[PDB]
Amino acid sequence: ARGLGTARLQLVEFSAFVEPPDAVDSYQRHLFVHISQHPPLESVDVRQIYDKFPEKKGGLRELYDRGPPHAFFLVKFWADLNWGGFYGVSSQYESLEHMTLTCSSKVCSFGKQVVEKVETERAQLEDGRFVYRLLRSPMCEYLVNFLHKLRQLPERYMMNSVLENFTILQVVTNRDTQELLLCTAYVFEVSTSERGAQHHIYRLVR
Ligand SMILES: CCOC(=O)c1cnn2c(=O)cc(-c3ccc(C(F)(F)F)cc3)[nH]c12
């Protein structure tokens, strides 16, 4: 694996952003986190992140046991919290086979599920490949609220302390055959002021 994606499904873009209200006058947007995928990746042993994701039911541990392991990834984000209009999230996946996807996103706090978002995306055949777009989806209110509180902290190390207990688990399944296609675990730190968002993608091995 050389990127976030498998033989059956590749992540092309993900971004979490805000467009200030004056973007209508002159467009701009702030990216909190961003992955653009328009030598193999480093690996991380899954035991090292087991605590950040509750055992619970159908958690990282359970899903990873069912497999296949080449479908499991860890993304480390350095979020850019240096920026009040539209808060949005955009995702795009690609595949060679025609499928209907169910994308489940679970937000955890202190290894306890807080909110869950589930959506179904159908394929658009474009240039011999199938594309799945969910663009400009409104960011869930819990995380818009979280970002506002998070930016109020006076110290970067306090934001990292808070973000230590904050994880997202994203599961993409083939809706018709129910087989898992992709599972990404996301962990978070805050980027320093001058640096924008950054990420590091790893394969989850055990
Ligand atoms: C990481 C993968 O996320 C998703 O797949 C997804 C789906 N709905 N969704 C939101 O409705 C808000 C965020 C988000 C909001 C804020 C931040 C952060 F800036 F705090 F890091 C990160 C993700 N993320 C998501």
Side-chain angles (χ1 to χ4, degrees), residues 3-5 9 11-20 29-37 44 49 52-53 58-60 63 71-94 101-111 113-121 132-153 156-173 175 180-193 195-202 204:
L4 208 183
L9 185 72
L11 173 94
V12 167
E13 196 156 5
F14 171 83
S15 51
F17 61 89
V18 59
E19 284 158 347
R29 71 171 185 175
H30 170 90
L31 299 172
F32 300 108
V33 296
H34 180 84
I35 305 175
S36 165
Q37 299 192 138
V44 164
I49 61 181
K52 294 171 138 273
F53 302 79
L60 187 57
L63 290 167
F72 283 75
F73 294 85
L74 166 68
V75 174
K76 164 79 157 197
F77 274 136
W78 289 265
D80 182 354
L81 299 187
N82 182 15
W83 85 94
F86 176 73
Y87 288 73
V89 291
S90 288
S91 60
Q92 186 162 311
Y93 305 86
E94 239 152 69
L101 303 188
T102 303
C103 315
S104 156
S105 297
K106 308 182 191 195
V107 182
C108 289
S109 173
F110 299 85
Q113 185 173 313
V114 161
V115 299
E116 177 172 21
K117 178 176 166 189
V118 185
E119 295 152 309
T120 291
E121 315 176 350
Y132 306 78
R133 292 183 175 90
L134 179 61
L135 311 183
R136 305 188 54 85
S137 160
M139 184 178 294
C140 63
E141 255 190 276
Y142 176 80
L143 295 183
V144 176
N145 207 272
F146 183 65
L147 288 164
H148 282 127
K149 292 164 171 179
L150 212 52
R151 82 190 306 197
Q152 296 171 25
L153 305 194
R156 216 183 60 84
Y157 80 84
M158 297 187 179
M159 305 183 174
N160 276 337
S161 183
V162 174
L163 286 173
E164 179 73 57
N165 310 112
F166 175 82
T167 64
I168 298 185
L169 184 67
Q170 190 174 349
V171 177
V172 186
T173 55
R175 176 189 141 270
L180 187 140
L181 300 178
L182 203 59
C183 180
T184 315
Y186 295 90
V187 295
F188 296 88
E189 283 186 31
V190 60
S191 179
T192 56
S193 296
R195 313 181 64 164
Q198 258 201 317
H199 56 97
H200 193 327
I201 302 178
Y202 307 89
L204 279 187

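Throughout, residue positions are numbered sequentially from 1 according to the sequence presented. Remember, it's 1-based here, ligands and their atoms both numbered in the order they're listed. The analysis underlying the following values was restricted to heavy atoms, covering all of them including side chains, and did not include hydrogens, waters or symmetry mates.
- Not a single salt bridge (charged side-chain N to carboxylate O under 4.0 Å, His left out) links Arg175 to another residue, sequence neighbours left out.
- Contacts classified as salt bridge (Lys or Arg N to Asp or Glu O under 4.0 Å) and involving residues 143-152 (residues at least two apart or in different chains) are not found.
- With respect to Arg136 and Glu19, a salt bridge is recorded, a charged nitrogen being found less than 4.0 Å from a carboxylate O.
- When the salt bridge (charged side-chain N to carboxylate O under 4.0 Å, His left out) test is applied to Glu116, no partner is found at least two apart in sequence or on another chain.
- Looking at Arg156, its side chain does come within 3.5 Å of a backbone N or O of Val190 through a donor-acceptor pair.
- Under the 6.0 Å cut-off for aromatic ring centres, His148 and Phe146 do not qualify, their centroids lying 6.0 Å or more apart.
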Quick check on ligand 1: any N or O pairs to the protein under 3.5 Å? One line per pair.
residue	atom	partner	partner atom	Å
ligand 1	5 (O)	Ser105	OG	3.1
ligand 1	5 (O)	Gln170	OE1	3.1
ligand 1	8 (N)	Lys117	NZ	3.2
ligand 1	11 (O)	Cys140	N	3.0

